[PDB]
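Novice: Please read through the structure below; I'll follow up with questions.
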Amino acid sequence: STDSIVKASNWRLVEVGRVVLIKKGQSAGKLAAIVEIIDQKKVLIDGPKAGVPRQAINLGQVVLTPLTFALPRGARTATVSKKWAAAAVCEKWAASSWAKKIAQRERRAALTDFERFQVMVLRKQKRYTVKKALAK
Amino acid sequence: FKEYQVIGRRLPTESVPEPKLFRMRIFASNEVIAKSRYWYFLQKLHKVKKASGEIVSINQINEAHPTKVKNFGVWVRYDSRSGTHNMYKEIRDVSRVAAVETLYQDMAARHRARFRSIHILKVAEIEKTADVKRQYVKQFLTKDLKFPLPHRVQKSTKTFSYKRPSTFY
Amino acid sequence: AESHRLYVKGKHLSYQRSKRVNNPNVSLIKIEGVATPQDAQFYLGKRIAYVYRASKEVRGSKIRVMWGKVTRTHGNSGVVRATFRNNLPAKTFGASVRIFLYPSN
Amino acid sequence: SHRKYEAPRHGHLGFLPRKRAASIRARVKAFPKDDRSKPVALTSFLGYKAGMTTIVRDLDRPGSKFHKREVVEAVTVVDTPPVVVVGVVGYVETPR
Amino acid sequence: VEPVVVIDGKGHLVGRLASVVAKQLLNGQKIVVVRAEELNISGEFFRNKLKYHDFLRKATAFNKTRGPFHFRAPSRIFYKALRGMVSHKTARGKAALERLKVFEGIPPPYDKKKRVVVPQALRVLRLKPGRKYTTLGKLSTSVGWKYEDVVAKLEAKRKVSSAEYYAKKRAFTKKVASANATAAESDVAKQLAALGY
Amino acid sequence: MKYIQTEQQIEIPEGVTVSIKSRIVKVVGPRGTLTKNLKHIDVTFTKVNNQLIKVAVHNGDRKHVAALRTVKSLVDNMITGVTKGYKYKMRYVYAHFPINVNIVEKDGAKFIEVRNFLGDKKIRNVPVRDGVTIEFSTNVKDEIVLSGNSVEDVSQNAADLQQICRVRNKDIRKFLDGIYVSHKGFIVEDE
RNA sequence: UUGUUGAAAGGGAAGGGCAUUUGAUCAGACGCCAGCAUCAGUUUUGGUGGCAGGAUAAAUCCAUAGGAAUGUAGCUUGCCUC
RNA sequence: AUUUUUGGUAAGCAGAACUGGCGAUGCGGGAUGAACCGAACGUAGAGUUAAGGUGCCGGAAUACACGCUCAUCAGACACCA
RNA sequence: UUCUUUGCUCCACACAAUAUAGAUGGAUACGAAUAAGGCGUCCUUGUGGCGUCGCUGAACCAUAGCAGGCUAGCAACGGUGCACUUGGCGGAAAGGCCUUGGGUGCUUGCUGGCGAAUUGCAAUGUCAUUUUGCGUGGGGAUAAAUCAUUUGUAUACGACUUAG
């Protein structure tokens, strides 16, 4: 060929820098960066800007994120907060397809009954133009 | 679990003033246990029982730095079915208490040794690396460590799914 | 236009029972789209009705109605306990009931 | 205790129940394996049992004691007047 | 939620699925299971073969008819495993099992209906990667079931025709997604992206 | 211990290709093409240099990391199978009755007929697996050389030929008769 | 114990208990069945506010002293596309 | 029947000591069981629990957490098989 | 299946019943893997490059009007029913999928104009899906079995096989 070929398997590595969305807990949908892994199943995470305390947490309650940033290992809350704000983690997260789908769920949950009648009207106004386009 | 300082003295009977105040570092889920264990251990070392002595102080001890990752080298003794055996295990955790309850779980899992059949001889934090004996701890003490989590099993809150759920991460 | 719904779809699972013995006074109702006792506590005190069709016109219509109210939550997984004015007949284990949004909040 | 002197069972346990074959026809339950190369032809053939007679024939069985010797064999005859084709059934293979 | 649920029985654990389906039927939800010949059991082929042969040998001595009938089909192996988890002797149980149908492969009407899964009874979601499992397609035939490759023919035909259908549906949904994307940057689209829809 | 991570290095020679997708190792080389699907093991391959490929196991075990080194072995055996290939020499060992072995054809299938093994009237038929070539080698009396690419093709052909000529109902230590694999090696000379 | 008529039920018995549905039926002619509000007794489930104590938490945080490694930037020697 | 205990290889055997039980006792649990566990009972409502459990049968988490185990005769709750 | 006409059936209506394992917006169609893919894009068409996506369906589609009345239009050249035609495709239980042109209705894409009370402060407040014989008014077709008799390939009696 002779560029051989391997797939390969792309994964989210459990490292120092890996920001992780907390899914079950008092936090439940806040970002926190991993500073030091304990043992294969347990991590150390601090989200100083999001406001989750530096805690040793089980891995069933975290979701690994595609986003990373160069943090030194076991760096304290002040060092984390500076390296976090430097790399701009919160912007890279808010500008995600996933963060948008979380913001869509919480918004459509926080919708009113009048705004439910409005969105219904507008979707049918949109639907008139798209069905004219689907015909041609 | 909790770690408790327990200082019990002995009953002050005149002709014996100032008994020698014996301190312990009992691992217990509350004070009523921490003080019962204190007496249990000091009945194995000295001729004194809860009647012949008194607890002068009980104080919960917290972690000096409860967010620093620590290699806890714990020495333990346990009654097996056949005899008794002295063990050395190495827990890696963030608190002395969290490391100890992991030992109690991994002693119960690996040798069927229940709470009554275990003595915690010592729980000493290992100062400098290259003193870590056990490989299952020396694994996580490698420069610039990373590792994936293959076969990510997400869990539904509803009986039926429509997508054929994936196990990617 | 298509929809006319002003109740939630309940289903009569079973009675309040032991492993063997049953209590036909408290009927266990599963509400559509509820998960926990916290989610279920919206529906505490609501008016559940069981609408069924007989063959005899009684007093205008062949449809008859057995009235009840939600008493409290049941289990960990969002089931409720309902008491009906007359107890349910038990042949309706898996029959739908209507959870109205009566006494409101 | 056991039979004391053990003998093999009376009767085959395969030809049960020993009831009256519902029909009077014979009911061919298996046909050959259906070769798709060679020309089309009938597999089985209906007919009527007439009776039994004796035959005599020479015997080509090398190694046999009666090699090249007249042997009497019983024979049964079946009347097979030409059978008239009157239909054709199509059968689809199904999970039943 | 639906009037009738349709479950693709492929890559599913027999007992776990059977428990899920058994509760649905008692709660009064009409369910059909299809592709019952791609069900799975924990443990190697041989273990479940021996478990079956231990079941085969269980017959009424004095008349082997009226004894426990050993049904060989993967659909009927599931039915046995599900009828175990319902009080079939009671009128509620008879009515509960009446709400169920099980098929070896996806026949008519269900051939062009939407097929769900039950994540808490998927082999892929449940069994530890490294453990060995059974396929009810191989087990069922080794114990008596004759129609292994009749169903393989009929599935291979249905999957050719359903691949053609999908290739047409997807080719179309490209046009629908493109026209919906060219509906954005409109007064209506910005008002909808404000309300969240 | 459950080994956090362990990997094995697989070297790739100078004119061979390695095509891996989801677990189907397809090696191409001067000899030809070898395929082998390893969908039973649960490992991960990664091309680093186009000449080294790292195979890996995450959160391993005693029984798990054993297989990781096994799959390195099977994949190196495939690369060997396309680069150099395999060649098993078997000797006829007979005491009295000379073994009559030749390759005959039955409906174009390549069999090995074994007749007059301990004066046995039977004609033993060893079907030659495709990709395996048989040579009744001269220069060594009573030798047969099974060469080709895949070791499992060559080795099982040689083994199935040895197994059919096992003497029955005798002292197998006096009746030391049958066709035995003397040598297992590679086709290419200068070795 | 039996006949007929009338009514009902019935997959290896039937009969019984608690509960309701359905069909038939029938006293209470002088009452029947509800909804809401504010209360009392009982009790389940939240949501928030004010205090107490401990190593007057331990922490984090800030100051400061010393130190080390899984040694940061530089420093240096090697392969050299600089 | 737990504990002490005699005879006896032993016994769902024979005979003692203290206590508690069945007899004379329903009820919840151990699938079933006189004796085990929990609790002793007028007729009802409501609330809360015991022992025991909460995949499905079956009311109740296919709960959470750390480990162990793969068995071509797995293992699975005391008295108790 | 009758011609004593009045009986059988298929379709349409109205009618008197009869129920309900339990409608109350929609059962919304790739297969295969899961230590892997989906979709879009490119073209040395591959076990290929480059994007992107997942982390639940909390989605998607439907989604207003007497339980949906009557009317004036503006904007589209659409969407969506009821009955009819075009070519087809489906045999695993295909009894359903498409797909033509047409017609005839509606349209909440958008501005209008009337109506609704008194179900009295809630009472399912009745609208679905079957089993139907009952008269209407149209199409269509115009038999068998059993016993008694007979046979013996069969037979305790039934049954079986024959015959007229």
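Residue names in the structure tokens use chain letters A, B, ... in the order shown, residue numbers from 1 in each chain, and ligand numbers from 1 in the order shown.
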Return as a list in words the residues belonging to chain E that are within 9 Å of chain B, counting only C-alpha atoms.

Specialist: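 For chain E, the answer reads residues 5, 7, 20, 114, 115, 116, 117, 118, 119, 120, 124, 125, 126 and 129 of chain E.
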
Novice: Could you write out the selected residues, including N, CA and C atoms, as a PDB file, in the first residue's frame?

Specialist:
ATOM      1  N   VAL E   5     -45.771  -2.670  21.981  1.00  0.00           N
ATOM      2  CA  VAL E   5     -44.282  -2.600  21.898  1.00  0.00           C
ATOM      3  C   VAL E   5     -43.801  -3.799  21.069  1.00  0.00           C
ATOM      4  N   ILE E   7     -40.103  -5.815  20.486  1.00  0.00           N
ATOM      5  CA  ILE E   7     -38.729  -5.978  21.051  1.00  0.00           C
ATOM      6  C   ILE E   7     -37.911  -6.849  20.094  1.00  0.00           C
ATOM      7  N   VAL E  20     -38.346  -8.642  32.631  1.00  0.00           N
ATOM      8  CA  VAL E  20     -38.800  -7.305  32.139  1.00  0.00           C
ATOM      9  C   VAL E  20     -40.149  -7.494  31.439  1.00  0.00           C
ATOM     10  N   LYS E 114     -41.386  -0.425  14.146  1.00  0.00           N
ATOM     11  CA  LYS E 114     -40.211   0.051  14.923  1.00  0.00           C
ATOM     12  C   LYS E 114     -39.921  -0.951  16.045  1.00  0.00           C
ATOM     13  N   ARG E 115     -38.642  -1.306  16.221  1.00  0.00           N
ATOM     14  CA  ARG E 115     -38.157  -2.366  17.145  1.00  0.00           C
ATOM     15  C   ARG E 115     -37.343  -1.729  18.276  1.00  0.00           C
ATOM     16  N   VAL E 116     -37.769  -1.948  19.524  1.00  0.00           N
ATOM     17  CA  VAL E 116     -37.158  -1.364  20.755  1.00  0.00           C
ATOM     18  C   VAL E 116     -36.189  -2.395  21.345  1.00  0.00           C
ATOM     19  N   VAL E 117     -35.366  -1.971  22.308  1.00  0.00           N
ATOM     20  CA  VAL E 117     -34.500  -2.852  23.152  1.00  0.00           C
ATOM     21  C   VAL E 117     -34.753  -2.493  24.622  1.00  0.00           C
ATOM     22  N   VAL E 118     -34.241  -3.302  25.555  1.00  0.00           N
ATOM     23  CA  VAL E 118     -34.469  -3.156  27.025  1.00  0.00           C
ATOM     24  C   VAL E 118     -33.116  -3.120  27.736  1.00  0.00           C
ATOM     25  N   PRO E 119     -32.452  -1.940  27.840  1.00  0.00           N
ATOM     26  CA  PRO E 119     -31.015  -1.869  28.132  1.00  0.00           C
ATOM     27  C   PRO E 119     -30.525  -2.728  29.309  1.00  0.00           C
ATOM     28  N   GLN E 120     -31.384  -2.957  30.305  1.00  0.00           N
ATOM     29  CA  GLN E 120     -31.085  -3.774  31.511  1.00  0.00           C
ATOM     30  C   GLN E 120     -31.122  -5.282  31.210  1.00  0.00           C
ATOM     31  N   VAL E 124     -24.396  -6.988  25.841  1.00  0.00           N
ATOM     32  CA  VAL E 124     -23.341  -5.948  25.639  1.00  0.00           C
ATOM     33  C   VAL E 124     -23.290  -5.013  26.854  1.00  0.00           C
ATOM     34  N   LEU E 125     -24.444  -4.640  27.419  1.00  0.00           N
ATOM     35  CA  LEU E 125     -24.532  -3.701  28.573  1.00  0.00           C
ATOM     36  C   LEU E 125     -24.262  -4.427  29.899  1.00  0.00           C
ATOM     37  N   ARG E 126     -24.480  -5.748  29.977  1.00  0.00           N
ATOM     38  CA  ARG E 126     -24.519  -6.488  31.269  1.00  0.00           C
ATOM     39  C   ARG E 126     -23.282  -7.372  31.459  1.00  0.00           C
ATOM     40  N   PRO E 129     -16.941  -7.976  29.712  1.00  0.00           N
ATOM     41  CA  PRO E 129     -16.150  -8.276  28.514  1.00  0.00           C
ATOM     42  C   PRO E 129     -14.994  -9.249  28.802  1.00  0.00           C
TER      43      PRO E 129
END

Novice: Can you list every residue in chain C that DSSP puts in strand (DSSP E), as a ChimeraX atom specification?

Specialist: /C:7-17,22-31,47-53,63-74,79-84,96-100

Novice: Write a file of the selected residues as a PDB file, in the first residue's frame, keeping C-alpha atoms.

Specialist:
ATOM      1  CA  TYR C   7     -56.063  13.614  33.298  1.00  0.00           C
ATOM      2  CA  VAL C   8     -52.839  11.494  33.483  1.00  0.00           C
ATOM      3  CA  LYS C   9     -52.940   7.790  32.411  1.00  0.00           C
ATOM      4  CA  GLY C  10     -52.854   5.652  35.608  1.00  0.00           C
ATOM      5  CA  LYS C  11     -52.783   1.801  35.637  1.00  0.00           C
ATOM      6  CA  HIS C  12     -54.103  -0.456  38.468  1.00  0.00           C
ATOM      7  CA  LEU C  13     -51.019  -2.672  39.226  1.00  0.00           C
ATOM      8  CA  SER C  14     -52.255  -4.610  42.305  1.00  0.00           C
ATOM      9  CA  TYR C  15     -53.673  -4.224  45.859  1.00  0.00           C
ATOM     10  CA  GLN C  16     -51.596  -3.425  48.977  1.00  0.00           C
ATOM     11  CA  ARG C  17     -50.487  -7.048  49.754  1.00  0.00           C
ATOM     12  CA  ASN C  22     -53.794  -8.883  49.980  1.00  0.00           C
ATOM     13  CA  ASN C  23     -55.584  -5.704  51.287  1.00  0.00           C
ATOM     14  CA  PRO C  24     -58.328  -4.823  48.729  1.00  0.00           C
ATOM     15  CA  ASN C  25     -59.016  -1.359  50.360  1.00  0.00           C
ATOM     16  CA  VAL C  26     -55.656   0.232  49.278  1.00  0.00           C
ATOM     17  CA  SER C  27     -55.135  -0.233  45.463  1.00  0.00           C
ATOM     18  CA  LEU C  28     -51.604   0.384  44.020  1.00  0.00           C
ATOM     19  CA  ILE C  29     -51.708   2.728  40.932  1.00  0.00           C
ATOM     20  CA  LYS C  30     -48.750   3.323  38.529  1.00  0.00           C
ATOM     21  CA  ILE C  31     -48.887   6.871  36.993  1.00  0.00           C
ATOM     22  CA  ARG C  47     -58.950  12.465  42.218  1.00  0.00           C
ATOM     23  CA  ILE C  48     -58.539   9.119  40.303  1.00  0.00           C
ATOM     24  CA  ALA C  49     -61.602   7.654  38.459  1.00  0.00           C
ATOM     25  CA  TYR C  50     -62.050   4.195  36.814  1.00  0.00           C
ATOM     26  CA  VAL C  51     -64.333   4.627  33.718  1.00  0.00           C
ATOM     27  CA  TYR C  52     -65.826   1.298  32.413  1.00  0.00           C
ATOM     28  CA  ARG C  53     -68.669   0.316  30.003  1.00  0.00           C
ATOM     29  CA  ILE C  63     -70.685   4.087  31.101  1.00  0.00           C
ATOM     30  CA  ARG C  64     -70.239   3.922  34.944  1.00  0.00           C
ATOM     31  CA  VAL C  65     -67.491   5.524  37.132  1.00  0.00           C
ATOM     32  CA  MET C  66     -65.769   4.274  40.351  1.00  0.00           C
ATOM     33  CA  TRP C  67     -64.299   7.307  42.219  1.00  0.00           C
ATOM     34  CA  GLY C  68     -61.117   7.518  44.348  1.00  0.00           C
ATOM     35  CA  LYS C  69     -58.269   9.785  45.552  1.00  0.00           C
ATOM     36  CA  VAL C  70     -54.452   9.301  45.834  1.00  0.00           C
ATOM     37  CA  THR C  71     -53.594   8.800  49.575  1.00  0.00           C
ATOM     38  CA  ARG C  72     -49.744   8.745  49.544  1.00  0.00           C
ATOM     39  CA  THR C  73     -46.639   7.433  47.652  1.00  0.00           C
ATOM     40  CA  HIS C  74     -45.581   3.723  47.461  1.00  0.00           C
ATOM     41  CA  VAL C  79     -45.943   4.078  42.447  1.00  0.00           C
ATOM     42  CA  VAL C  80     -48.832   5.678  44.479  1.00  0.00           C
ATOM     43  CA  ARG C  81     -51.485   4.193  46.821  1.00  0.00           C
ATOM     44  CA  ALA C  82     -55.144   5.041  45.937  1.00  0.00           C
ATOM     45  CA  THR C  83     -58.331   4.524  48.033  1.00  0.00           C
ATOM     46  CA  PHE C  84     -61.607   4.281  45.998  1.00  0.00           C
ATOM     47  CA  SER C  96     -56.154   2.197  32.845  1.00  0.00           C
ATOM     48  CA  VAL C  97     -57.529   4.801  35.350  1.00  0.00           C
ATOM     49  CA  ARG C  98     -57.674   8.635  34.964  1.00  0.00           C
ATOM     50  CA  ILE C  99     -55.631  10.855  37.394  1.00  0.00           C
ATOM     51  CA  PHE C 100     -57.438  14.263  37.147  1.00  0.00           C
TER      52      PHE C 100
END

Novice: Show which residues sit within 10 Å of range 19-36 of chain H, as a PyMOL selection string. Count only C-alpha atoms (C1' of nucleotides), and ignore same-chain residues fewer than 5 positions away.

Specialist: (chain C and resi 18) or (chain H and resi 1-3+41+50-53+77-80)

Novice: Take the selection from the previous step and output its residues with C-alpha atoms (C1' of nucleotides), as a PDB file, in the first residue's frame.

Specialist:
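Listed below is the output, selection.pdb:
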ATOM      1  CA  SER C  18     -48.030  -9.104  51.873  1.00  0.00           C
TER       2      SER C  18
ATOM      3  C1'   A H   1     -35.214 -26.150  72.001  1.00  0.00           C
ATOM      4  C1'   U H   2     -30.067 -23.153  73.525  1.00  0.00           C
ATOM      5  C1'   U H   3     -26.766 -24.314  77.696  1.00  0.00           C
ATOM      6  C1'   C H  41     -55.275 -12.300  69.370  1.00  0.00           C
ATOM      7  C1'   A H  50     -40.658  -6.548  64.193  1.00  0.00           C
ATOM      8  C1'   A H  51     -38.525 -11.089  62.225  1.00  0.00           C
ATOM      9  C1'   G H  52     -37.927 -11.415  56.915  1.00  0.00           C
ATOM     10  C1'   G H  53     -36.977  -9.338  52.396  1.00  0.00           C
ATOM     11  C1'   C H  77     -29.552 -17.384  54.432  1.00  0.00           C
ATOM     12  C1'   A H  78     -29.365 -19.757  60.980  1.00  0.00           C
ATOM     13  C1'   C H  79     -32.631 -24.442  63.344  1.00  0.00           C
ATOM     14  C1'   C H  80     -32.668 -27.593  58.178  1.00  0.00           C
TER      15        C H  80
END

Novice: Any chance you could tabulate, as JSON lines, the residues of chain A at most 7 Å from chain B with each one's nearest atom pair and distance in Å to one decimal, using only C-alpha atoms, in chain and rising number order?

Specialist:
{"residue": "A:11", "atom": "CA", "partner": "B:169", "partner_atom": "CA", "distance": 5.9}
{"residue": "A:12", "atom": "CA", "partner": "B:148", "partner_atom": "CA", "distance": 6.0}
{"residue": "A:13", "atom": "CA", "partner": "B:148", "partner_atom": "CA", "distance": 4.6}
{"residue": "A:14", "atom": "CA", "partner": "B:146", "partner_atom": "CA", "distance": 5.3}
{"residue": "A:15", "atom": "CA", "partner": "B:146", "partner_atom": "CA", "distance": 4.6}
{"residue": "A:38", "atom": "CA", "partner": "B:93", "partner_atom": "CA", "distance": 6.3}
{"residue": "A:39", "atom": "CA", "partner": "B:140", "partner_atom": "CA", "distance": 6.7}
{"residue": "A:54", "atom": "CA", "partner": "B:67", "partner_atom": "CA", "distance": 6.9}
{"residue": "A:55", "atom": "CA", "partner": "B:67", "partner_atom": "CA", "distance": 6.7}
{"residue": "A:56", "atom": "CA", "partner": "B:94", "partner_atom": "CA", "distance": 6.9}

Novice: Neighbours of range 101-104 of chain B within 7 Å (only C-alpha atoms (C1' of nucleotides); same-chain residues fewer than 3 positions away dropped), as an MDAnalysis selection string?

Specialist: (chainID B and resid 1 91 97:98 107:108) or (chainID H and resid 66)

Novice: May I have the selected residues written with C-alpha atoms (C1' of nucleotides), as a PDB file, in the first residue's frame?

Specialist:
ATOM      1  CA  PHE B   1     -16.007   5.279  60.081  1.00  0.00           C
ATOM      2  CA  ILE B  91      -4.198   1.344  50.819  1.00  0.00           C
ATOM      3  CA  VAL B  97     -10.430   6.830  57.975  1.00  0.00           C
ATOM      4  CA  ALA B  98     -11.279   6.310  54.225  1.00  0.00           C
ATOM      5  CA  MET B 107      -9.969  -7.819  54.434  1.00  0.00           C
ATOM      6  CA  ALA B 108     -13.679  -8.909  54.559  1.00  0.00           C
TER       7      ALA B 108
ATOM      8  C1'   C H  66     -15.273  -1.761  47.830  1.00  0.00           C
TER       9        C H  66
END

Novice: Quick check: residues of chain E within 7 Å of chain D, only C-alpha atoms, returned as a short mmCIF file (atom, residue, chain, number, x, y, z; two decimals) with N, CA and C atoms, in the first residue's frame.

Specialist:
data_model
loop_
_atom_site.label_atom_id
_atom_site.label_comp_id
_atom_site.auth_asym_id
_atom_site.auth_seq_id
_atom_site.Cartn_x
_atom_site.Cartn_y
_atom_site.Cartn_z
N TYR E 147 -35.54 -25.66 12.08
CA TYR E 147 -35.71 -24.51 11.16
C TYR E 147 -34.65 -23.44 11.43
N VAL E 150 -33.89 -22.11 7.52
CA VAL E 150 -35.16 -21.57 6.92
C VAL E 150 -35.30 -20.12 7.38
N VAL E 151 -35.07 -19.87 8.68
CA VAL E 151 -35.16 -18.53 9.32
C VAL E 151 -33.99 -17.67 8.84
#

Novice: At a cut-off of 9 Å, using only C-alpha atoms (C1' of nucleotides), what residues contact residue 111 in chain E? Leave out same-chain residues fewer than 5 positions from it and give the result as JSON, numbers by chain.

Specialist: {"E": [106, 158, 162], "I": [29]}

Novice: Rank nothing, just name the residue among E:132, E:157, E:23, E:88 nearest to chain C, using only C-alpha atoms.

Specialist: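 Selected residue with least distance to chain C: E:23.
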
Novice: Name all residues at most 10 Å from residue 18 in chain E (count only C-alpha atoms (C1' of nucleotides); drop same-chain ones fewer than 5 positions away) and give them as a list in words.

Specialist: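 Residues meeting the cut-off are residues 12, 13, 23, 24, 78, 79, 80, 81, 82, 83, 84, 85, 86 and 121 of chain E; 55 and 56 of chain H.
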
Novice: Show me, as a count of residues only, the residues of chain F whose atoms get within 9 Å of chain E, using only C-alpha atoms for the distance check.

Specialist: 4

Novice: Residues within 8 Å of residue 142 in chain F, please, as a list in words. Count only C-alpha atoms (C1' of nucleotides); anything in the same chain fewer than 2 positions from it doesn't count.

Specialist: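 Neighbouring residues, sequence-local ones excluded: residues 91, 92, 93, 136, 140 and 144 of chain F.
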
Novice: Write the residues you've just listed into a file as a short mmCIF file (atom, residue, chain, number, x, y, z; two decimals), in the first residue's frame, and include C-alpha atoms for each of them.

Specialist:
data_model
loop_
_atom_site.label_atom_id
_atom_site.label_comp_id
_atom_site.auth_asym_id
_atom_site.auth_seq_id
_atom_site.Cartn_x
_atom_site.Cartn_y
_atom_site.Cartn_z
CA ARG F 91 10.02 -38.76 8.27
CA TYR F 92 8.44 -42.21 7.58
CA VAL F 93 9.61 -44.46 10.49
CA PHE F 136 7.69 -36.07 -1.38
CA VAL F 140 16.17 -37.92 2.11
CA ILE F 144 7.35 -35.50 3.14
#

Novice: Nearest to chain I: which of C:91, C:46, C:19, C:85 is it, counting only C-alpha atoms (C1' of nucleotides)?

Specialist: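 Nearest to chain I: C:91.
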
Novice: Within 12 Å of chain C, which residues of chain I come that close, and what is the closest atom pair and distance in Å for each? Count only C-alpha atoms (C1' of nucleotides) and give it as a tab-separated table.

Specialist:
residue	atom	partner	partner_atom	distance
I:17	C1'	C:55	CA	9.4
I:18	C1'	C:55	CA	7.3
I:19	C1'	C:55	CA	6.8
I:20	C1'	C:53	CA	7.6
I:21	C1'	C:92	CA	7.3
I:22	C1'	C:95	CA	5.0
I:23	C1'	C:96	CA	10.8
I:24	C1'	C:5	CA	7.1
I:25	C1'	C:3	CA	5.1
I:26	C1'	C:2	CA	10.5
I:58	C1'	C:33	CA	10.4
I:62	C1'	C:2	CA	8.9
I:63	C1'	C:1	CA	8.0
I:64	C1'	C:1	CA	7.7
I:65	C1'	C:1	CA	8.6
I:67	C1'	C:4	CA	7.6
I:68	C1'	C:1	CA	7.0
I:108	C1'	C:1	CA	11.0
I:122	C1'	C:102	CA	8.8
I:123	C1'	C:65	CA	9.9
I:124	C1'	C:51	CA	5.9
I:125	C1'	C:61	CA	9.0
I:126	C1'	C:61	CA	6.2
I:127	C1'	C:4	CA	11.5
I:128	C1'	C:53	CA	11.2

Novice: Kindly assemble as a Markdown table a list of the chain F residues that lie within 9 Å of chain B, each paired with its nearest atom pair and their distance in Å to one decimal, using only C-alpha atoms, sorted first by chain and then by ascending residue number.

Specialist:
| residue | atom | partner | partner_atom | distance |
| --- | --- | --- | --- | --- |
| F:1 | CA | B:136 | CA | 5.5 |
| F:2 | CA | B:136 | CA | 7.8 |
| F:3 | CA | B:139 | CA | 7.6 |
| F:4 | CA | B:139 | CA | 6.8 |
| F:5 | CA | B:147 | CA | 7.2 |
| F:58 | CA | B:147 | CA | 7.3 |
| F:59 | CA | B:149 | CA | 8.5 |

Novice: Apply DSSP to the structure's backbone, then extract all residues of chain C labelled helix (DSSP H, G or I) and return them as a list in words.

Specialist: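 Here are the helix (DSSP H, G or I) residues of chain C: residues 37, 38, 39 and 40 of chain C.
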
Novice: Using 10 Å as the limit and counting only C-alpha atoms (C1' of nucleotides), can you tabulate each residue of chain G that touches chain A, with its shortest atom-to-atom distance in Å and the two atoms involved, as JSON lines?

Specialist:
{"residue": "G:59", "atom": "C1'", "partner": "A:54", "partner_atom": "CA", "distance": 9.8}
{"residue": "G:60", "atom": "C1'", "partner": "A:77", "partner_atom": "CA", "distance": 7.0}
{"residue": "G:61", "atom": "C1'", "partner": "A:78", "partner_atom": "CA", "distance": 8.3}
{"residue": "G:72", "atom": "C1'", "partner": "A:72", "partner_atom": "CA", "distance": 9.8}

Novice: Enumerate as an MDAnalysis selection string the residues belonging to chain B that approach chain H to within 6 Å, with only C-alpha atoms (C1' of nucleotides) taken into account.

Specialist: chainID B and resid 105:106 109

Novice: Quick one: which chain A residues come within 12 Å of chain H, and what is the nearest atom pair for each with the distance in Å to one decimal, counting only C-alpha atoms (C1' of nucleotides), rows ordered by chain and ascending number, as a Markdown table?

Specialist:
| residue | atom | partner | partner_atom | distance |
| --- | --- | --- | --- | --- |
| A:24 | CA | H:64 | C1' | 11.0 |
| A:25 | CA | H:64 | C1' | 11.8 |
| A:39 | CA | H:66 | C1' | 11.6 |
| A:41 | CA | H:66 | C1' | 10.0 |
| A:42 | CA | H:66 | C1' | 10.9 |
| A:57 | CA | H:65 | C1' | 11.4 |
| A:58 | CA | H:65 | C1' | 8.7 |
| A:59 | CA | H:65 | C1' | 11.2 |
| A:60 | CA | H:64 | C1' | 9.8 |
| A:61 | CA | H:64 | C1' | 10.6 |

Novice: Pull out every residue of chain E that has at least one atom within 12 Å of chain A, counting only C-alpha atoms, and report them as a list in words.

Specialist: residues 172, 173, 174, 175, 176, 177, 178, 179, 180, 181, 182, 183, 184, 185, 186, 187, 188, 189, 190, 191, 192, 193, 194, 195, 196 and 197 of chain E
